[PDB]
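In the structure tokens that follow, the same protein chain appears in two forms, which are kept apart as structure 1 and structure 2.
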Structure 1
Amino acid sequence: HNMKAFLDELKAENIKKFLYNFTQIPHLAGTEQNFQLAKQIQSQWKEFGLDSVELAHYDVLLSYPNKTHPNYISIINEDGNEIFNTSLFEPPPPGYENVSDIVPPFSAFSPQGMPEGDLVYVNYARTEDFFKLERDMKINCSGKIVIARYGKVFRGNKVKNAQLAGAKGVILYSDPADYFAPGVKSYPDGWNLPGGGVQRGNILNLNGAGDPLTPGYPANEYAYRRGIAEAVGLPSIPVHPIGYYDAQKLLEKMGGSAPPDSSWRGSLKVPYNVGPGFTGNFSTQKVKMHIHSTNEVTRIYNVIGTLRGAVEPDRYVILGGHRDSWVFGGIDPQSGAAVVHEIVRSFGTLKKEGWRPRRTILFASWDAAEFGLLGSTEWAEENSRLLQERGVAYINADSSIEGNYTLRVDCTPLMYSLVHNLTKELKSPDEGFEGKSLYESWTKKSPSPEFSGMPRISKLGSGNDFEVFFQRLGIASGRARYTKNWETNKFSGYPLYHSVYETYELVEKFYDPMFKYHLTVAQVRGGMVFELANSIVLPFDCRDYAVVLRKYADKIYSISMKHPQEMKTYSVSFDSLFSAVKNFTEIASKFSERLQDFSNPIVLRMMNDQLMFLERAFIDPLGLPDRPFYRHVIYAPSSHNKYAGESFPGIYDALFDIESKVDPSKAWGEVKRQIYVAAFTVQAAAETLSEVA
């Protein structure tokens, strides 16, 4: 009973069977079908051998279209005649044209409204796109309906940016430039997005809060809820997503200013004029949105499985991923959930033979992730005291594949060495690398930008269920999946993301017919969980944090040094931060020496507690400015793109666009405050690794 036994028990054929099982009907959060799936998973995890398997339910704010009053967009003429209407649904895929309860495309949490106005095209609706419009082009979005292409940044940030520009509505669409790979056919004949395809998704700006009505506390049966007016993160203007056939009809008549440059042009045969409004002949026509979606407090269900530890049952290694989907969830999330299911089955086989892990393993099937990470966040709010004193690590398990090219890992620096070591022991599933390690193929295909002979491992961003564990609670977190070639594939994510076309057949036909990439991902995620839960000494290398901290300090200093005169005027010094990083490096090196130089279980556990609480030490209980649930001082989701991680986010945000601030003394004062907070936090974290007395 060792890791090899665990790994060998995992089967591609089982992952395939589970994926098929999980994807025959929609499992939208808050629906009966997703409750039934929760009950099925609960029953199977018990069967598989877990010690306890419970449902944890919460009543959270969700959002749904009105079944009898459909959402749509029109072009309306000067007489009020609606001369063009966007689609009411995606053409369902072959053999699913009679499937009931497919939610039509909508932007979850949009308010209701019927705004009419002139269109402005805002490219990706990024912060810099809006800078270009108002500052350079002198185009005013106030009272306009903005149309933005999906891609580059989280859609909630696009909506926030549009609101702040004064838009009265937002239309999101999928441009073939970003969602149609050259030389591949549209679904069902290939993996591209057809012109009738539409990306669903929520447009909240929760900043880690969880359920909009209950920030800080679980949405249990006696919860006090905020009124809707005080809810966290809701958009103030109506929003709706469309496909590129419909977008073409909205964009083709656009007049006003030409696009500023080629980076504003997608692939449709339209000029990509910014507007506002339509060309001469059509200048009296307008665009009208009709949004009738409703926000509803609705019950959601997490499945929580426990495999009790033999030696340290009060130490938790968590493997979690969500279960709710927009429609069939062929990739997102069921390609992940099928992998978790097989991992539970394998651990359970060992358990039935008399094995237990050293530490407790918790397995989670989260609900309502698509509506803002609600299930994971409410559960973590409920259990925060247990998690912060006992939480060793969190391994996420959403989509197992977004491509078939190579591995992708995003994690805390504390897991780098674990990931390198594990992948050296796993077989590469790649063509041309038969008999080679996954480390070799991954390193060849995705080289580290810093180091020769190492693979790229990214920072954690957000937009997935590790957010509460990592950025709020400070528990070492990681994720892994198979991905595309980022050098040659310039499209955004995978094309059929959050569409009706994301099916079992998509995966089986186009992504992973042999389920070998799924199996490799199960071995990576499961192997990480195995080592974290069973290694005598926790498999964290504090020295890897020291290396990245210096890289991040260099980076933030370099941003600041774009303003040398202001740094002179306001005496802005990074000396404290570099000092703290130098001290962290020294103390980490000495800790590492002791870790290998110590039969004493108290010194061991004392050392294991130092390892465990190291990630915890980067937490500031006061949070980041105006984002109280982003508490990690080294990493937060980018304020411009929830998906991306930002390093030293407090200093980064203080420096961002600083040359535009009206009061430079105040602005640079805040930069100096953030440097102090960061230097202090790095030093305090270092000191947790010093000898304890």
Structure 2
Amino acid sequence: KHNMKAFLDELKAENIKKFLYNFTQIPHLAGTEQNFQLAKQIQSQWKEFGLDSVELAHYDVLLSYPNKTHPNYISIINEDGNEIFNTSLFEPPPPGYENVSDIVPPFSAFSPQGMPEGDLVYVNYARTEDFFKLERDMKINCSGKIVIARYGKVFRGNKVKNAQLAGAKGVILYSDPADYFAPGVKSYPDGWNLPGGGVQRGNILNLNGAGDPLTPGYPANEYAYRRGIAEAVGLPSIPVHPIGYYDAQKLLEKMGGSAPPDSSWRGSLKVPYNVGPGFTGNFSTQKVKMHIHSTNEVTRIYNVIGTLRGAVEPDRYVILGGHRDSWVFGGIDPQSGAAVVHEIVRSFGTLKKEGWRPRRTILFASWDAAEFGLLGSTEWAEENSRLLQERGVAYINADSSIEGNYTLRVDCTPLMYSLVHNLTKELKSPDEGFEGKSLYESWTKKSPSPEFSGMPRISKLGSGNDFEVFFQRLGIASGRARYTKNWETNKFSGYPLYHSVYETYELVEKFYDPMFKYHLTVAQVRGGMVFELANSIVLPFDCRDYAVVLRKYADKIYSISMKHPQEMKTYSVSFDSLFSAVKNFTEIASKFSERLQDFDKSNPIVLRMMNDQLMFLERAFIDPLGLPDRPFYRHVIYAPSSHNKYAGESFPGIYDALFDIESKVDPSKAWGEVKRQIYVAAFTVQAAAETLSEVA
């Protein structure tokens, strides 16, 4: 038989290991020759594996690189203009790689050039709430200061946006051991912790889903008209540079001014964590000086796109995509995902060689330039948006397969909840103590959902990865799955060696997954989801699961508003329309589910009419006018949080209209906008409900 079990059984941990080794011996930075050569290798291999067509889709997009002959660094400068301390020019390379060329030194991609000098203010995580605390409670003014912030909690681009709007002239980002050094584990190469010379790379753009900063809306093809740099989307206006904790220690140790407001502002270094501004008495005349000389450059990038044509519905696409570009070796990010995609393609190809084809078309993607703002996936989706919004069934992401070895993590649309539950009940748990038990059993035990008995946690989708354009712009049902850690307060912080030179094959093989069993389990989940989406006669989406969550999100947004009962009375702010819409959605989804179970099965038009209702249900949550000042975030139920791109927010338009509303100067206008957002959300939920009604 060619069934899901045949597909799953063909996947091998040993192949995933071999591929991961193959993908991680040299750097594959976006826009470099080494990453083009890897694209060509993957293209050739996917052809050999059996795909019907495998093409490169290239674009010319804005990238950012340090200047090789004018390196980035930070100094402490004395009154004479002597630089008495300098931060490192590179991370000490790991054992056996000290002679590898073309390791890009740590930098913040898309930082502008400059050499700002001034006094430091320490801003904790540079979160919205941290800047509120500084400014409103502590009366500390960031204007004209260099801010030093610890990485963690939220996306670094939000930190830099928050610093900019506070008036900062520069941002120094550093990794505090509190957030990146797990107790009782050795630093790399002797364990998986971050050494004091390690540094987290990463872009600091605020693109809000636009893709290439020069061509918002349209693919960056050969005849593209480009914005001038001054009109580009998302570029930071102040210099930014990341450092490790040995260097941070030298910068923080002299800090004066005000004490930290409380212990949530103190990291683990042996410094006071004084907020500043500036240094203590003896060193009051010293300043900090940045030297940033990186350049932005339009550069060719290459996606690999493989097609396995459907036998019955070739005009319906199930997409498995993940990126290929890395900051350095990409041992976890992204090659632990790319190796899993490679083995999934090989397995599907084995079935294809035996005469099988999936019911629907499967597209496989190796995206480029994800590290520079999801550029490859976004430009391709812009090029192909008409095909995707009329034919796109689902997108399954495949960045890193592991960020820990504790349990499964799944973030996806409610439409995929039942698919994931059913699939995980059929897979073996790889966990110690759960031999002979299902993955569903181990996952549910280790990661219980807050609301339900005997149910696992599934998170919402925001941004930070290549599902963003498919889900948030185009409204295609999307999902992701990986193995994760236990550490809840570190959820959005990354694993310790994230985006460092230390992220290697050895890191994974020695410390995370020696048997490649967690990688194999993740391959089974991602591959199984793709298999069911591409082969099930009826699409495996349960609209009733959306009805359940919409009521939870309505209760939640109502509770936020109800912090302000007087204003709700004054401005007649009613959530009645939203609850009515959710009630109607619940009722109509229940009836649709009855018809889906009961319709005449011999009738392919009723089936496909029904399959189209399922497919276009996620699409119905798209508003073609987008969210306020964010035209490329169009999903009305989910958006990336306006305070943290990594986090999904529910009913974001209402949430943002309510956020900090007590501080708005014109409460009538602010509450008017809350009421407008309630109307848009109620309307969108009712309109989505009506797509599931009988069609005529």
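Think of the rigid core as the biggest set of C-alphas that the two forms share within 1.5 Å after superposition. Numbers follow structure 1, counted from its first residue as 1. Shifts are known only where both forms have a C-alpha.
**Student:** Relative to the superposed core, which single residue of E431, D101, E353, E487 shows a CA shift of 2 Å or more between structure 1 and structure 2?
**Tutor:** If I go through the list carefully, the shifting residue is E487.
**Student:** Following alignment on the rigid core, what Cα displacement (Å) is computed for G461 between structure 1 and structure 2?
**Tutor:** After core superposition, the C-alpha of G461 moves 1.7 Å between structure 1 and structure 2.
**Student:** Sticking with residues common to both forms, list the runs of three or more in a row where every CA moves 2 angstroms or more between structure 1 and structure 2, core superposed.
**Tutor:** Run shifting 2 Å or more: just 486-493.
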